[PDB]
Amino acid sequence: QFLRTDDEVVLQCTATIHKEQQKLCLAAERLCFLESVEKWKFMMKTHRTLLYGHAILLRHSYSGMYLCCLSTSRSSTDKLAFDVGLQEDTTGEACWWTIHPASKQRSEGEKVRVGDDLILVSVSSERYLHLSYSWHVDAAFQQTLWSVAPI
């Protein structure tokens, strides 16, 4: 089963809480946060299979808004990371993310499988969608690995 646009997914990263790893889910309601309204769909325009190096939108299902890298750096105590949040507007590059493999055992232009560990690169700011500690998401120079499950 490959990953496709319009398929409702949960977007997860591993966090190391009490020296204990668990899978956390991206959520939102105007910035983004983590939990475990966690439902997302990949899109290519305002159910095609996604390829690595494809730029995509992440549409939040409850709200209908998109995950966009912001200007501001207010959620972070690293001032080189940008805030990530929901935006209704989708002209410009800020709501766009390119998908990359975690592993060398996956190539650019290849089909993105479910259960593939993913790296998500902001088109406008060239930063990664990034897990930060509470736990939040920002856009930073350090990579975080994301995986997608069906929901």
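Position 1 is the first residue in the sequence shown; the rest follow in order.
When the other compared entries with both flanking residues are checked, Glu38 is unmodelled in at least a third. In the other compared entries of this protein that model both flanking residues, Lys104 lacks coordinates in at least a third of them. Going from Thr91 to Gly92, the model skips none of the deposited residues; the chain is continuous there.
Stretches compared: 14-22, 135-143. Higher mean C-alpha B-factor in the entry: 14-22. The mean C-alpha temperature factor is higher for 100-108 when 100-108 and 55-63 are set side by side.
Which of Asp117, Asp83, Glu35, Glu126 has the largest Cα B-factor in the deposited entry comes down to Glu35. In the PDB entry, a CA B factor belonging to the highest third of its chain's modelled residues is recorded for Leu31. Among all modelled residues in its chain, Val121 ranks in the lowest third by Cα B-factor.
Compared with the other modelled residues of the chain, the Cα B-factor recorded for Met44 ranks in the highest third.
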